[PDB]
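Q: Experimental structure and sequence below.
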Amino acid sequence: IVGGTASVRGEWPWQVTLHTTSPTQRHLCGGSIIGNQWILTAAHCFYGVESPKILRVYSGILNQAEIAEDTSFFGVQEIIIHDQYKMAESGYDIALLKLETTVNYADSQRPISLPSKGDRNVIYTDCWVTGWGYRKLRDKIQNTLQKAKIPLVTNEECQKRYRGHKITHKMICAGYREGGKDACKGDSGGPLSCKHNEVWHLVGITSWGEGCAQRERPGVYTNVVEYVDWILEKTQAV
């Protein structure tokens, strides 16, 4: 996260840090708890990932330093990538991680509500992007979970900033005309959470952007509300 500040422990209880154990353990991407056995994240986070066996999901974390070899984690039983996903910039950058065990909810780890189709008309004015991503294009994974308040921008306005791309209604952007605050490498898969009527909703999933926090370059996120049907269908037992 560029231009953000340290989060308060437990402030974003749905935020998880997804690690890969190959070659050695390290933070890979962010993600959000949306169900007792489900993490919603970005599909592009699994590039080069052949098996769920090398993944570890850690919940209730503020500082990466809290994670040691003796720290408990959730194994991943299955990685579900949207069948239409090709690459972040083309959309459909969404994936589900089915955990091997269920998360026991507590003040430090609980699910975030998904947006309702009836809220697509609602204008969010209190949105935050969080993560352990870079603090600057050329940086490294941060120890403390960072947060930054960023205003949503209309898709028409976003399209104007990315003339070489197609900003679809399945995407949502957030940023300052002057830049300065934005997600960055390592924040991918994490949430764009907006508080509306005292209730937090998972509005977007950190996906991509031209560099990080640049002027006239809003961050691009997966528009979660456009995938509630997909999420329901994929998270059904059988």
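A: Okay, I see it. Numbering: from 1, shown residues only.

Q: and residue 183, how far is that from residue 205?
A: When C-beta to C-beta, to the nearest Å is applied, the distance between residue 183 and residue 205 equals 10 Å. C-beta here means a position set from N, CA and C on the backbone, and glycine is covered the same way.

Q: And residue 106, by the same measure?
A: The spacing between residue 106 and residue 205, counted by C-beta to C-beta, is 24 Å.

Q: Among those two, which residue is more densely surrounded?
A: Between residue 106 and residue 205, counted using other C-beta atoms under 10 Å, the more crowded position is residue 205 (27 against 11).

Q: quick one: contacts for the residue nearest to the more buried one when sequence neighbours are not counted?
A: By the measure of C-beta to C-beta, 6 or more residues apart in numbering, the closest residue to residue 205 outside its immediate chain neighbours is residue 222, 4.1 Å from it. Listed by C-beta atoms under 8 Å, 6 or more residues apart in numbering, the contact set of residue 222 reads 42, 91-94, 170-172, 204-205, 207.

Q: List just the nearest of the residues you listed to residue 157.
A: When those are compared for distance to residue 157 (C-beta to C-beta), residue 172 wins out at 11.4 Å.

Q: show me what contacts that closest one?
A: Contacts were defined as C-beta under 8 Å, 6+ apart; by that measure residue 172 touches 152, 155, 192, 203-204, 220-223.

Q: measure the one residue sitting closest to the centre of the chain to residue 75 for me?
A: Per C-alpha atoms, centre = their mean, the C-alpha nearest to the average position across the chain is that of residue 190, at 1.7 Å. Using C-beta to C-beta, residue 190 is found at 20 Å from residue 75.

Q: rewinding a little: ok, what's across the strand from the residue nearest to residue 205?
A: Here residue 222 sits in beta bridges with residue 171, residue 205, as judged by DSSP bridges.

Q: Numbering from 432 from now on, please.
A: Taking 432 as the first residue, the last one we looked at is residue 653.

Q: Domain map for the protein?
A: The record, using curated CATH domains to delimit domains, assigns the chain the ranges 432-443+543-657, 444-542+658-669.

Q: Could you identify which of the ones you listed is most buried?
A: Ranked by mean neighbour count, these are led by domain 432-443+543-657 with a mean of 19 (mean count of other C-beta atoms under 10 Å).

Q: Tell me how far it lies from the chain's centre.
A: Domain 432-443+543-657 sits 8 Å away from the centroid of its parent chain (C-alpha atoms, centre = their mean, to the nearest Å).

Q: Could you tell me the end-to-end distance of that domain?
A: End-to-end distance for domain 432-443+543-657: 25 Å, by C-alpha to C-alpha, to the nearest Å.

Q: do stretch 512-532 as well
A: When the termini of stretch 512-532 are compared using C-alpha to C-alpha, they are 20 Å apart.

Q: just stretch 530-537 next, same as before
A: Taking C-alpha to C-alpha, the span from the opening residue of stretch 530-537 to its closing residue is 17 Å.

Q: now do stretch 625-643
A: Taking C-alpha to C-alpha, stretch 625-643 runs 21 Å from one end to the other.

Q: How about stretch 622-631?
A: Start and end residues of stretch 622-631 are separated by 11 Å (C-alpha to C-alpha).
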